[PDB]
């Protein structure tokens, strides 16, 4: 069922992806690299005192604070959902090998008994209504770009000036490029305007992953993570093998002279992709206005900020179902890309823009280095983009693609299993739009709060409530998938966008509260994804610009966890045992240094201004801007702080671009 073409780096098709500059050439050739991360300034993730600390703390906390999750996956009591062994990784050292990304997910979906298109006309109307509501009366805004982000294929530039020039040129030439693609001239569109080529595969660390302590043996067991070899990836699983990657860290002693304590493992590695910036810029210019619409008009379903903001919605429900989606991005259906494109064309969107959008979701992928002596291969032919990878992480609208799929998937689940009496309200496009508009505003007896693959489904009092309880029971049983679209189950320890839903004895949403996840505090403080990058002079370009600032927002973020104080005291005690120093004093010093450094970056901040005008969100984002890519949005951050992390193309250039894309 068609193997994807593959080209080695030596091939002209792969050579054309990398411009004639040092950075692009280094990116093409970059071999497998590993090493301890600089967790904090002057501290390596593999420092013997740090690993001794992690061993003592993970063991103590698991012992004293066992998980309090009921038969229905509801968190109660201590607010703990698993053991604390997830911190036991040699950060910066990955599992070997990392996966080869699947060129086609069609067989994967078919074998999982998932649909190859909308099942019924109702579902087809609902997916199409989502497009009409999301993409209709949009307002132009400046195109914001993350500082220090790469332009990837073909230039691999990290320079803001160059990135602004590339983006402005892309908005000027997107029409000409899209029209070339409509003529099947993909090579011309790429050669002339750098729109096409491929996604560049970067493997990112998932710093904490499941580890269990076997009581029988007293030995730790790391969660097996299945990886596809090259053959499996190019054949969509028809040939080759899917096997467990090796998380064994013993190798670090032999290879690097690093002492590996018992029960410490190599990190899980996830595929991440970087899009060709010239293709992403015209997509982002439409994606940002879409987010502004859904986060304003449909704020109920889509705009999530604080634990109390979430709580106010959930408390009004009679039933709250916390769902889980298995491997969202890899299962994301190409038929949805095609349905979205078809509907945008029906709405009157510029065909050239729709073509650029369609192409961004069929693009080839350049595999860097999954393991030593592996990679440097282009999957798919850039002359005719035809891949079915699912959802590419670096596509300009990935969040919206996952949100569109999932919001409708959950609504369909509620209709099928709980609310057949609402089917008569979805007869045609106008009625599908009116119903969805009402549902997304939280005006129906069936409700939801969602973001991509994370959601909480609600039922108020009414006819659907009884069905709601049967659906929850079906999820608990776990024998039948409630959706024809994706693999849905209930979350083991219900949470929404980082906040755990803490139930009491009643196990009802009315008396349940949202609390910060204490395990996430530990993940962020002791297992960061990236090092401090102390050699990157411009802090705003770092993955962790101001790590010290997270101490100032900690109480606001995690203070509501039942065991907050217990954890901080356990940290203090264990850090004293390991370093002979006060962790609290160490973090207070880092907080002071980073507060002072911050004023250099904020125009409104005087030489020693302090954090007085900054919110807890501002502080969490300055310590971890990745939270701005999965948890929060631009509007949640103070304007003077957003400017530290992002730069924009003028609204004058985007306004002119948007006028040419949009209907009448």
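Positions refer to the first chain, counted from 1.
Peer 1: What stretch has the higher average Cα B-factor here, 421 to 429 or 191 to 199?
Peer 2: Taking the mean B-factor of the alpha carbons in each, 421 to 429 is higher.
Peer 1: Is the mean CA B factor in the deposited entry higher across 397 to 405 or across 572 to 580?
Peer 2: On average, C-alpha B-factors are higher across 572 to 580.
Peer 1: Whose CA atom has the top B-factor in the entry, of 75, 365, 486, 102?
Peer 2: Checking the PDB record, the top C-alpha B-factor among 75, 365, 486, 102 is at 75.
Peer 1: Out of 16, 644, 9, 22, which residue has the highest Cα temperature factor in the PDB record?
Peer 2: Largest recorded C-alpha B-factor: 644.
Peer 1: Which third, lowest, middle or highest, does the CA B-factor of residue 54 fall in along this chain?
Peer 2: Lowest third of the chain for residue 54's C-alpha B-factor.
Peer 1: Considering every modelled residue of the chain and its Cα B-factor in the PDB entry, is residue 167 in the lowest, middle or highest third?
Peer 2: Its C-alpha B-factor, which the entry lists for residue 167, ranks in the lowest third among residues of this chain.
Peer 1: Where does residue 66 sit by CA temperature factor within its chain: lowest, middle or highest third?
Peer 2: It belongs to the highest third of the chain when residues are ordered by C-alpha B-factor.
Peer 1: For the chain shown, is the CA B-factor of residue 461 in the lowest, middle or highest third of its modelled residues?
Peer 2: Residue 461: CA B-factor falls in the highest third of its chain.
Peer 1: Going by the CA temperature factor in the PDB record, which third of the chain does residue 447 belong to: lowest, middle or highest?
Peer 2: Within its chain, residue 447 is a middle-third residue by C-alpha B-factor, going by the deposited values.
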